[PDB]
């Protein structure tokens, strides 16, 4: 029961990624093919749901993914300039850029205690980092496989990657908040799921249309998935489909509607953000 | 209280590595800079402690390390031809060679259930393998670090590397049988220890002389270490030194005695094997 609360209109390229922290529910973050991130301050509202608070103009190329620390203090960008900048949300100053990859960076991650960085490049190259910008890991999986890479100044540390694969799995992933469950996009909306603990494949889903981003709800037991069709939201138990957030694109072709490309749940699984192929973030709310 | 039981006299280059399986205590395995492994059948004895049972003549270059399955069925070689052969101990037929590395392979490993292979190259490149010869992992650490890479036809699997490092740590490692503890050779016999579970560095040892191989006893609570000085055997609790197996090299210089380069404990921590810089395996026994 998601309802379209409004549209943050900021970027000049696809909103490629959304970020939201449990720290500051006050705040949203977005990357875009405009080489910039934008901090958003959200304010209770009908119109003007959220507001442009700050831009971060560092990368020479597309930012492909962003994410905030657990407190919301620091923002993190992954880019097609193959850089990873770290920013102070409050200032927009980069802290130390990660220089490792030779291929378009494509994801980013931080351990819960905010000391370790898990980059994911386009060539499926993983990399792990000290917050300083020192590269330690450069783990590289076999293309026919997906790879969830967790952790748990230090001179001591411990990592653990998980490896499930399928010849089709098109490198579009995400894991449960408690990282117990993970889903991966094959093609044609085949959404292979998987249970981490149970060490075996729970039953695949079907979006029947090309997928673009997956996003478990922290609160609900829902997966959410972008699509050229629009944003499908599944429940898992029962395994029914909760919604197809399909905007009424005001006079696009039936078939040329801009689509979502990035999802994000409010800190509290009561609000859903989506960047689109029209430089816009649409917002929905689970309503009573 | 180790005593020199005898000398297996087989190879034509350094015995670079020893292998022994819980499966067949009947059996010992050795690699050498002679491009060969040798299965040994051990028979109760004074003279002729062990016997040349079979040679395996595959690699084009030095085998750097060997090891047997837990049952003793299959032998595994890591080589400076950058190959990893898998053999049938009983025949000497290679099964499927691992073709991955570009640098001298230097270690080898199998998960307890004999399905997964953890190669370790000289450039500190790790690699993980299907018993078939398919490469999945190619994890690469930062030279100033050491890396213990564990696991736990499959389309599902899970790995977990641990990373401790030190600018000096000279890439000469081994872990407790129950992989709870690991030691690493710095230079000048600095034997940095570490507790895996306890996530912190227990107190380093000192061999005071260049180290060559480490080897926990399955049975005892001893670490064993090669040296240009000879093979030092520590206990840990108490942290006293149990022995310096220093052969009476019959008329080498004081300072040009051939030294050990590879260690191995009998299945039952009651016998210790050592390959040497003289193409010979010396054997000691903890005696009553």
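Here chain A follows Swiss-Prot for its numbers: 6-157, 182-317, in order, are the residues you see.
Looking at the header, which is where the method is noted, we find X-ray crystallography, 3.9 Å.
For all residues, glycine too, the Cβ spot is worked out from N, Cα and C.
Pulled from Swiss-Prot, these are the features on record:
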REPEAT    A:15-55  repeat 'WD 1'
CROSSLNK  A:46  ubiquitin cross-link
CROSSLNK  A:53  ubiquitin cross-link
REPEAT    A:63-102  repeat 'WD 2'
MOD_RES   A:96  phosphothreonine
REPEAT    A:105-145  repeat 'WD 3'
CROSSLNK  A:107  ubiquitin cross-link
CROSSLNK  A:137  ubiquitin cross-link
REPEAT    A:194-233  repeat 'WD 5'
REPEAT    A:235-275  repeat 'WD 6'
*CA-CA, which of the recorded sites A:46, A:53, A:107, A:137 lies nearest the residue listed as 'phosphothreonine'?*
A:46
_Neighbour count, 10 Å Cβ-Cβ cut-off, for residue A:137 (ubiquitin cross-link): what number do you get?_
12
*Counting only residues 6+ away from its ends, which parts of the chain sit with a Cβ under 8 Å from the repeat 'WD 6' (A:235-275)?*
6-7, 9, 27, 199, 201-206, 210, 212-214, 216-220, 222, 286, 288-294, 296-299, 301, 303, 311, 313, 315
*Count the other Cβ atoms sitting within 10 Å of the Cβ of residue A:96 (phosphothreonine), across every protein chain shown.*
10
*Check each residue in the chain of residue A:53 (ubiquitin cross-link) that is at least six apart in sequence and keep those whose C-beta is under 8 Å from its C-beta; list them in sequence order.*
A:11
*Whole-number Å distance between the CA of residue A:137 (ubiquitin cross-link) and the CA of residue A:46 (ubiquitin cross-link)?*
28
*Let me know the whole-Å distance spanning the Cα atoms of residue A:157 and residue A:182; 24 residues are not modelled in that stretch.*
15
_Please report, as numbers and ranges, the same-chain residues at least 6 past the borders of the repeat 'WD 2' (A:63-102) whose CB is under 8 Å from any CB of it._
18, 21-29, 31-32, 34-38, 40-42, 44, 108-115, 117, 119, 122, 124-126, 134, 136-138
_Restricting to the chain of residue A:107 (ubiquitin cross-link) and a gap of 6 or more, list residues whose Cβ falls under 8 Å of its Cβ, or answer none._
A:87, A:126, A:128
